[PDB]
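Novice: One structure is given below, represented as structure tokens, and several questions about it will come after.
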Amino acid sequence: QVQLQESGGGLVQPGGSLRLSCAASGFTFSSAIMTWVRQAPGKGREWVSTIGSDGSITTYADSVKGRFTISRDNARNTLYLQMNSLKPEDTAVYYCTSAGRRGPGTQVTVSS
Amino acid sequence: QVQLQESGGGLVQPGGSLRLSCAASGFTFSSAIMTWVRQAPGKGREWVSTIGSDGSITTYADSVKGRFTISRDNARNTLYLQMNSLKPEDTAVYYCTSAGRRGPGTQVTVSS
Amino acid sequence: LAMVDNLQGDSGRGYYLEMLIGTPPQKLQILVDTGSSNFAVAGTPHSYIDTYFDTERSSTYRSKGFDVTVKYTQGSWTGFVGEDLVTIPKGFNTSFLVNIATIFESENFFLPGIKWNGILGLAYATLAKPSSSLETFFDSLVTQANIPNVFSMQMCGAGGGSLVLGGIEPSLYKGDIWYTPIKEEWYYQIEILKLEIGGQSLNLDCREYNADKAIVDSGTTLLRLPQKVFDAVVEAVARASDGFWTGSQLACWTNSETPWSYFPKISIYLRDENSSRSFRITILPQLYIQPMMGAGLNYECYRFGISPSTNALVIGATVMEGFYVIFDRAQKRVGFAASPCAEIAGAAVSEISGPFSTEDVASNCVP
Amino acid sequence: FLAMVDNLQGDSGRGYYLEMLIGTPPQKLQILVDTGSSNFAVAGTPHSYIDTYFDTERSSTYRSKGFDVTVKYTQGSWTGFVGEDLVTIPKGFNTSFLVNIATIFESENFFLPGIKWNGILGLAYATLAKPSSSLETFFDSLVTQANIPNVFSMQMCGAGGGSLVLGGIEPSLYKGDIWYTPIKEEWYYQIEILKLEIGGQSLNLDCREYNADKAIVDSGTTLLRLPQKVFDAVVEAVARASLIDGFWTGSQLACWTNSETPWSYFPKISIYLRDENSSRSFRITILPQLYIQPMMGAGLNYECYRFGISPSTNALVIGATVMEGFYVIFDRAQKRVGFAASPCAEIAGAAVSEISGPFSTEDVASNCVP
Ligand SMILES: CCOc1ccc(C(=O)Nc2ccc(F)c([C@@]3(C)N=C(N)OCC3(F)F)c2)nc1
Ligand SMILES: CCOc1ccc(C(=O)Nc2ccc(F)c([C@@]3(C)N=C(N)OCC3(F)F)c2)nc1
């Protein structure tokens, strides 16, 4: 029963760098597909990155490619998103999701 | 009730001529396809010639072609077979036929 | 080994022969009917056929100057009667002059999804319309081609076929041919002595089978039985294993419900030429409990391949497709033989054996 | 999106199915669209009644979760290894998405003869997925990874192929209006039936008989399936309105000639459903062509026919007998099932279903569901 909590978001300057975490409890995390999506204020839900259960298969949105890296540590029930080369257009709530469920979000905000 | 009677059979020399006639009574002769067949002693029946109801369509066995002429005279309910250039192998009983039924036949004999 | 697979079609939409008529030849597809005696083809277009014989395009066609109507229970056809040259491409070098009726007016004759557009009656003169003097197609052919006065047919529709005109072809059968006498030269009327269901005799006087005739008819799909006989047959069949019986409904069974293995053989006993003897022809459930959809699913729906008649026991397609059948008009007799192309999966769907004594039955079973 | 029009093959008898490309390089399989379950499962080994299967060992991107699942159903079952691979849909999508998949290596009565599909796409909700709701479904994967709306729609065009539109509604698939009814629970596509009527007259039955314990829109069920007591009261009413016994139980088919024109004699079957604005209801109707179902198709002067309604023990299943009549919108985001008159749902020009509204929700409970 999918429970998840993201954190690591904050306020950074362009070219900045954050590492988001998503901690899971109550479902079989080490056997679930995991995904990050973001959502700007009154813009669309925007998929970011998906990782297969053991970590070897990761897919990415064009808009973040070469900049962000998805990854997970199955032994600690946690998903990651390494966010480099951050620009203002990355401003949004980052949500981790699995099986139709999502966490509360982490606010990531990029400004000069 | 197809009722038929052949005549004009007889004995002739090789090279000679006979005209066979077949008189019909009690069926619709002027509407009938009509046929001549022949049988020599103990050999199978051999078809000779067929004529359609008005006389215009006539057909012939290869063996008699150009030598025999089939014809009919509807107003007289009579079928004819003009037989020229007879040879020993035309020796046989000749019978006129229609719709399964035949007459008694007429005996033609061609010998030296 | 010339007229072997010269038929198309199937035991439900009929077996038809290819035929070329007139000059130049027009190609028609003509149903083989051993229970009538006219040669009749569509002469005008009709909504359920692809082609027809247009007599105005044949230079050799001649009109007789009259037409004919033929009635059957559910319909009729009316045709101009004429004469023209015909050839059967698979079977014959030359052409022969025959009578043809050209249908310009019919009812219920050409039906949706039929593949033929003409009918070849191979029965005897007595049934030709408008009289027995209208020379039948097979009397013409016999007379004009010098063949024996015999034909024979094999249907491979169970689970095309062959029509051999002027004899018998060894490769179309296996085992012995048994001959039963032709009792009367009209239909192909034969003398049935006994019906057995799943090896039990019906309680019936043998005359019940031959009231008012027992006939062999490639022009009838079902084994058709006088009502009294059909009542015995249903009761006996349903014992040994309601809309179904009447052909009103189909019964659906799954394939592991294995429905063929729970129905009996039906045997028909016929007199040998040696009158003190008989042989039996037998069909299995395969032939009389017929799969209707052929949709290749895990269930099939079936119709009972027997139907009541008023005035005849009609040995139609559904018995004939079990055997090679010889119509030996010369020696007045009908031959039956096991038919190799009668196997489903490789399983036989029919049986022939004999002889059995006729002590038990009257010496003439036809009233 | 409009590329999704006519993406399904098959019929209401053998099911409608979608082409899907799986793994790397892609293997091409035929997947039944099933709105009554929630797993994505495909043949993983050769079988007798299938042409092809997904070989996981020819996929460079396949990864195994290392456990396997068994799904049991009334007659039959299917066991499969659970894994993950990239899928694309040729009709709808330029790219590929990483989804869970069950490769079946052992089943009973799953692949039946003359069936053209070799797998199944369950499009219902997380809750009915095996082995647990936490196994992400294909539709939650695609919704997430492709940024589409959380809606799909389906049109079935084999009364007497189809379009499956993932991520919305395509207007050229319907005519008139879409009426929506509430999804009552998110497991099956469970909705509320308020009233059944045969030939303008109602059945003497409580609205709660109908939703026992659930009325569901199921694309993976051939017939309209009615609880035994509803089944019996429908049959008695249909018989009374016309022609007809084994026909009712599916064990026999009635054959009628062309001109005995069978359809003229049976009555309309109308299902009343609650509108989103609850004071109202609408009515989806099917006519005899959809529920008296021609079985031979040989174009002869007769036909034999199946009764396309059947008893269920405890489920009212609006399967293909009804869904063939309408365009159906599974609007998960808004918790509602839409229905609209479907252009392709006419046999010889005549429409074989109808949709109409609105009517008043007096003479029936505030709530008709257990
Ligand atoms: C092989 C069985 O499949 C078949 C399917 C249809 C048919 C068929 O139409 N037969 C058919 C159609 C019209 C018709 F007029 C006839 C006639 C003259 N011949 C027979 N013996 O019986 C009825 C009949 F006197 F009216 C037969 N036959 C066989
Ligand atoms: C257009 C409808 O026609 C159809 C024809 C066949 C089929 C079909 O095979 N369905 C089918 C086969 C196996 C199976 F396992 C299922 C499941 C999972 N889905 C549903 N909803 O109910 C039964 C079930 F839970 F078992 C369905 N479906 C539809």
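Every chain in the structure tokens takes a letter, A first, then B, and so on in the order presented; its residues are numbered from 1, and the ligands are numbered from 1 following the presented order.
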Could you list, with a cut-off of 7 Å and counting only C-alpha atoms and all ligand atoms, the residues of chain D near ligand 2, each shown with its nearest atom pair and the distance in Å rounded to one decimal, rows sorted by chain and ascending number, as a Markdown table?
Specialist:
| residue | atom | partner | partner_atom_place_in_ligand_line | distance |
| --- | --- | --- | --- | --- |
| D:11 | CA | ligand 2 | 1 (C) | 5.8 |
| D:12 | CA | ligand 2 | 1 (C) | 3.5 |
| D:13 | CA | ligand 2 | 3 (O) | 4.8 |
| D:14 | CA | ligand 2 | 5 (C) | 4.0 |
| D:15 | CA | ligand 2 | 3 (O) | 3.3 |
| D:16 | CA | ligand 2 | 1 (C) | 5.6 |
| D:34 | CA | ligand 2 | 21 (N) | 5.8 |
| D:35 | CA | ligand 2 | 21 (N) | 6.5 |
| D:36 | CA | ligand 2 | 21 (N) | 3.9 |
| D:37 | CA | ligand 2 | 18 (C) | 5.5 |
| D:73 | CA | ligand 2 | 26 (F) | 5.2 |
| D:77 | CA | ligand 2 | 15 (F) | 6.9 |
| D:110 | CA | ligand 2 | 13 (C) | 5.7 |
| D:218 | CA | ligand 2 | 21 (N) | 5.5 |
| D:219 | CA | ligand 2 | 2 (C) | 5.5 |
| D:220 | CA | ligand 2 | 28 (N) | 3.7 |
| D:221 | CA | ligand 2 | 29 (C) | 4.6 |
| D:222 | CA | ligand 2 | 2 (C) | 3.9 |
| D:319 | CA | ligand 2 | 2 (C) | 6.5 |
| D:320 | CA | ligand 2 | 1 (C) | 4.7 |
Novice: Would you name the residues within 7 Å of ligand 1, counting only C-alpha atoms and all ligand atoms, and put them as a list in words?
Specialist: residues 10, 11, 12, 13, 14, 15, 33, 34, 35, 36, 72, 76, 109, 217, 218, 219, 220, 221, 316 and 317 of chain C
Novice: Identify all chain B residues at most 7 Å from chain C by counting only C-alpha atoms; ligands do not count. Present them as a JSON list (two decimals) with N, CA, C and O atoms, in the first residue's frame.
Specialist:
[["chain", "number", "residue", "atom", "x", "y", "z"],
["B", 2, "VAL", "N", -43.08, -42.98, -76.88],
["B", 2, "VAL", "CA", -42.22, -43.00, -78.06],
["B", 2, "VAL", "C", -42.42, -44.34, -78.80],
["B", 2, "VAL", "O", -42.11, -45.41, -78.25],
["B", 27, "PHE", "N", -45.69, -39.88, -80.22],
["B", 27, "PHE", "CA", -44.94, -38.89, -79.43],
["B", 27, "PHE", "C", -44.74, -37.57, -80.22],
["B", 27, "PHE", "O", -45.09, -37.48, -81.42],
["B", 31, "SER", "N", -40.93, -32.10, -82.21],
["B", 31, "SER", "CA", -40.18, -31.48, -81.10],
["B", 31, "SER", "C", -39.01, -32.28, -80.52],
["B", 31, "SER", "O", -38.43, -31.86, -79.51],
["B", 46, "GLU", "N", -23.02, -48.43, -81.87],
["B", 46, "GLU", "CA", -22.20, -47.32, -82.37],
["B", 46, "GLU", "C", -23.19, -46.19, -82.75],
["B", 46, "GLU", "O", -24.03, -46.36, -83.61],
["B", 47, "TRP", "N", -23.10, -45.05, -82.08],
["B", 47, "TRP", "CA", -23.80, -43.86, -82.55],
["B", 47, "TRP", "C", -23.47, -43.44, -83.99],
["B", 47, "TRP", "O", -22.33, -43.46, -84.40],
["B", 98, "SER", "N", -34.82, -41.98, -79.56],
["B", 98, "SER", "CA", -35.23, -40.74, -78.92],
["B", 98, "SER", "C", -35.64, -41.02, -77.47],
["B", 98, "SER", "O", -36.33, -42.04, -77.15],
["B", 99, "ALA", "N", -35.18, -40.16, -76.56],
["B", 99, "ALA", "CA", -35.65, -40.23, -75.18],
["B", 99, "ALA", "C", -35.64, -41.64, -74.58],
["B", 99, "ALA", "O", -36.55, -42.05, -73.88],
["B", 100, "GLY", "N", -34.58, -42.39, -74.84],
["B", 100, "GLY", "CA", -34.47, -43.72, -74.31],
["B", 100, "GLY", "C", -35.05, -44.83, -75.15],
["B", 100, "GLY", "O", -34.60, -45.98, -75.05]]
Novice: Please provide the set of residues having any atom within 8 Å of range 257-273 of chain D, restricted to only C-alpha atoms, with same-chain residues fewer than 5 positions apart removed, written as a PyMOL selection string.
Specialist: chain D and resi 181+191-200+238+241-243+281-289+292+301-303
Novice: Within 12 Å of range 3-14 of chain A, counting only C-alpha atoms, which residues qualify if same-chain residues fewer than 4 places away don't, as a VMD selection string?
Specialist: (chain A and resid 18 to 29 34 to 38 77 to 112) or (chain D and resid 134)
Novice: Near chain D, meaning an atom within 9 Å, which residues of chain C appear when counting only C-alpha atoms? Write them as a PDB file with N, CA and C atoms, in the first residue's frame.
Specialist:
ATOM      1  N   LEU C 111     -31.053 -19.248 -54.550  1.00  0.00           N
ATOM      2  CA  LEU C 111     -31.162 -18.840 -53.172  1.00  0.00           C
ATOM      3  C   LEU C 111     -29.839 -18.103 -52.741  1.00  0.00           C
ATOM      4  N   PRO C 112     -29.908 -17.170 -51.787  1.00  0.00           N
ATOM      5  CA  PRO C 112     -28.656 -16.579 -51.315  1.00  0.00           C
ATOM      6  C   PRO C 112     -27.579 -17.599 -50.952  1.00  0.00           C
ATOM      7  N   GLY C 113     -26.352 -17.338 -51.424  1.00  0.00           N
ATOM      8  CA  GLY C 113     -25.139 -18.072 -51.075  1.00  0.00           C
ATOM      9  C   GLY C 113     -24.928 -19.412 -51.738  1.00  0.00           C
ATOM     10  N   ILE C 114     -25.769 -19.724 -52.741  1.00  0.00           N
ATOM     11  CA  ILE C 114     -25.670 -20.887 -53.624  1.00  0.00           C
ATOM     12  C   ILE C 114     -24.537 -20.613 -54.600  1.00  0.00           C
ATOM     13  N   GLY C 243     -36.510 -28.918 -30.161  1.00  0.00           N
ATOM     14  CA  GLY C 243     -36.337 -28.143 -31.401  1.00  0.00           C
ATOM     15  C   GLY C 243     -35.312 -28.743 -32.369  1.00  0.00           C
ATOM     16  N   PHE C 244     -34.261 -29.338 -31.788  1.00  0.00           N
ATOM     17  CA  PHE C 244     -33.166 -30.021 -32.481  1.00  0.00           C
ATOM     18  C   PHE C 244     -33.715 -31.051 -33.464  1.00  0.00           C
ATOM     19  N   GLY C 247     -35.182 -29.596 -36.365  1.00  0.00           N
ATOM     20  CA  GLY C 247     -34.279 -28.765 -37.153  1.00  0.00           C
ATOM     21  C   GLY C 247     -34.540 -27.304 -36.918  1.00  0.00           C
ATOM     22  N   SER C 248     -35.426 -27.047 -35.972  1.00  0.00           N
ATOM     23  CA  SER C 248     -35.712 -25.710 -35.455  1.00  0.00           C
ATOM     24  C   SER C 248     -34.535 -25.103 -34.677  1.00  0.00           C
ATOM     25  N   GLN C 249     -33.800 -25.937 -33.964  1.00  0.00           N
ATOM     26  CA  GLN C 249     -32.737 -25.438 -33.149  1.00  0.00           C
ATOM     27  C   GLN C 249     -31.489 -26.235 -33.422  1.00  0.00           C
ATOM     28  N   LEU C 250     -30.333 -25.664 -33.083  1.00  0.00           N
ATOM     29  CA  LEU C 250     -29.096 -26.417 -33.081  1.00  0.00           C
ATOM     30  C   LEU C 250     -28.684 -26.702 -31.659  1.00  0.00           C
ATOM     31  N   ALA C 251     -28.081 -27.863 -31.431  1.00  0.00           N
ATOM     32  CA  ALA C 251     -27.485 -28.114 -30.154  1.00  0.00           C
ATOM     33  C   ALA C 251     -26.004 -27.822 -30.206  1.00  0.00           C
ATOM     34  N   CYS C 252     -25.599 -27.008 -29.248  1.00  0.00           N
ATOM     35  CA  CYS C 252     -24.216 -26.648 -29.000  1.00  0.00           C
ATOM     36  C   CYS C 252     -23.651 -27.494 -27.875  1.00  0.00           C
ATOM     37  N   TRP C 253     -22.460 -28.030 -28.067  1.00  0.00           N
ATOM     38  CA  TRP C 253     -21.767 -28.827 -27.055  1.00  0.00           C
ATOM     39  C   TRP C 253     -20.327 -28.375 -27.154  1.00  0.00           C
ATOM     40  N   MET C 292     -22.276 -27.071 -37.551  1.00  0.00           N
ATOM     41  CA  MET C 292     -22.829 -26.020 -38.396  1.00  0.00           C
ATOM     42  C   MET C 292     -21.915 -24.826 -38.605  1.00  0.00           C
ATOM     43  N   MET C 293     -21.068 -24.494 -37.637  1.00  0.00           N
ATOM     44  CA  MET C 293     -20.277 -23.246 -37.761  1.00  0.00           C
ATOM     45  C   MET C 293     -18.866 -23.346 -38.368  1.00  0.00           C
ATOM     46  N   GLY C 294     -18.180 -24.478 -38.166  1.00  0.00           N
ATOM     47  CA  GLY C 294     -16.811 -24.697 -38.674  1.00  0.00           C
ATOM     48  C   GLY C 294     -15.870 -23.545 -38.339  1.00  0.00           C
ATOM     49  N   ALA C 295     -16.167 -22.865 -37.231  1.00  0.00           N
ATOM     50  CA  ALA C 295     -15.510 -21.621 -36.818  1.00  0.00           C
ATOM     51  C   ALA C 295     -14.209 -21.876 -36.044  1.00  0.00           C
ATOM     52  N   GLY C 296     -13.896 -23.164 -35.854  1.00  0.00           N
ATOM     53  CA  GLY C 296     -12.712 -23.657 -35.149  1.00  0.00           C
ATOM     54  C   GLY C 296     -12.616 -23.238 -33.663  1.00  0.00           C
ATOM     55  N   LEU C 297     -13.747 -23.238 -32.958  1.00  0.00           N
ATOM     56  CA  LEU C 297     -13.742 -22.832 -31.556  1.00  0.00           C
ATOM     57  C   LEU C 297     -13.600 -24.038 -30.624  1.00  0.00           C
ATOM     58  N   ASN C 298     -13.875 -23.881 -29.334  1.00  0.00           N
ATOM     59  CA  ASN C 298     -13.849 -25.060 -28.437  1.00  0.00           C
ATOM     60  C   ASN C 298     -15.254 -25.647 -28.200  1.00  0.00           C
ATOM     61  N   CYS C 301     -21.981 -26.107 -32.778  1.00  0.00           N
ATOM     62  CA  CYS C 301     -23.429 -26.298 -32.710  1.00  0.00           C
ATOM     63  C   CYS C 301     -23.914 -27.134 -33.902  1.00  0.00           C
TER      64      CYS C 301
END
Novice: With a distance threshold of 7 Å and counting only C-alpha atoms, extract the residues of chain D near chain A and express them as a PyMOL selection string.
Specialist: chain D and resi 65+126+134-137+140+144-145+147
Novice: Could you work out how far CA of residue 81 in chain D lies from CA of residue 101 in chain D, giving the answer in Å with one decimal?
Specialist: 8.2 Å
Novice: Pick out each residue of range 9-170 of chain C that DSSP on the backbone tags as strand (DSSP E or B); I need them as a PyMOL selection string.
Specialist: chain C and resi 9-10+14-21+26-33+39-42+62-72+75-87+96-107+118-121+151-155+161-165
Novice: How many Å lie between CA of residue 349 in chain D and CA of residue 160 in chain D, rounded to one decimal?
Specialist: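 Interatomic distance, CA of residue 349 in chain D to CA of residue 160 in chain D: 11.9 Å.
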Novice: In Å, how far is it from CA of residue 150 in chain D to CA of residue 187 in chain D?
Specialist: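 Calculated distance between CA of residue 150 in chain D and CA of residue 187 in chain D is 15.1 Å.
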Novice: Compile the contact shell of residue 345 in chain C as a PDB file with N, CA and C atoms, in the first residue's frame: residues with an atom at most 12 Å away, counting only C-alpha atoms, same-chain residues fewer than 4 positions apart removed.
Specialist:
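Output (result33.pdb):
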ATOM      1  N   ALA C 158     -18.470 -34.367 -45.954  1.00  0.00           N
ATOM      2  CA  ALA C 158     -18.508 -34.672 -44.530  1.00  0.00           C
ATOM      3  C   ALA C 158     -17.530 -33.829 -43.705  1.00  0.00           C
ATOM      4  N   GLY C 159     -17.283 -34.227 -42.450  1.00  0.00           N
ATOM      5  CA  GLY C 159     -16.487 -33.415 -41.519  1.00  0.00           C
ATOM      6  C   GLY C 159     -17.190 -32.120 -41.179  1.00  0.00           C
ATOM      7  N   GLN C 286     -21.092 -38.510 -36.796  1.00  0.00           N
ATOM      8  CA  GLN C 286     -20.410 -37.574 -37.730  1.00  0.00           C
ATOM      9  C   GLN C 286     -21.195 -37.125 -38.951  1.00  0.00           C
ATOM     10  N   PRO C 340     -13.110 -43.842 -49.215  1.00  0.00           N
ATOM     11  CA  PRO C 340     -11.877 -43.346 -48.605  1.00  0.00           C
ATOM     12  C   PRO C 340     -11.914 -41.855 -48.253  1.00  0.00           C
ATOM     13  N   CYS C 341     -12.429 -40.988 -49.130  1.00  0.00           N
ATOM     14  CA  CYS C 341     -12.537 -39.555 -48.817  1.00  0.00           C
ATOM     15  C   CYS C 341     -13.629 -39.283 -47.773  1.00  0.00           C
ATOM     16  N   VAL C 349     -16.533 -42.593 -41.066  1.00  0.00           N
ATOM     17  CA  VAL C 349     -17.730 -41.892 -40.684  1.00  0.00           C
ATOM     18  C   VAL C 349     -18.849 -42.755 -41.205  1.00  0.00           C
TER      19      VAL C 349
END
Novice: Fewer than 2 positions away in the same chain doesn't count, so skip those; otherwise give me all residues within 10 Å of residue 326 in chain C, counting only C-alpha atoms, as a PyMOL selection string.
Specialist: chain C and resi 150-154+163-164+167-169+177-179+323-324+328-329+333-337
Novice: Any idea what's packed within 8 Å of residue 311 in chain C, counting only C-alpha atoms, ignoring anything in its chain fewer than 3 positions away? Could you give it as a list in words?
Specialist: residues 211, 212, 213 and 226 of chain C
Novice: Let's have the selection written as a PDB file, in the first residue's frame, with C-alpha atoms.
Specialist:
ATOM      1  CA  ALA C 211     -44.131 -46.086 -48.380  1.00  0.00           C
ATOM      2  CA  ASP C 212     -44.399 -44.711 -50.841  1.00  0.00           C
ATOM      3  CA  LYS C 213     -40.828 -45.069 -52.160  1.00  0.00           C
ATOM      4  CA  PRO C 226     -41.797 -40.809 -43.575  1.00  0.00           C
TER       5      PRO C 226
END
Novice: Just the helix (DSSP H, G or I) stuff from chain A, please, per backbone DSSP, written as a list in words.
Specialist: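 The helix (DSSP H, G or I) residues within chain A come out as residues 29, 30, 31, 62, 63, 64, 74, 75, 76, 88, 89 and 90 of chain A.
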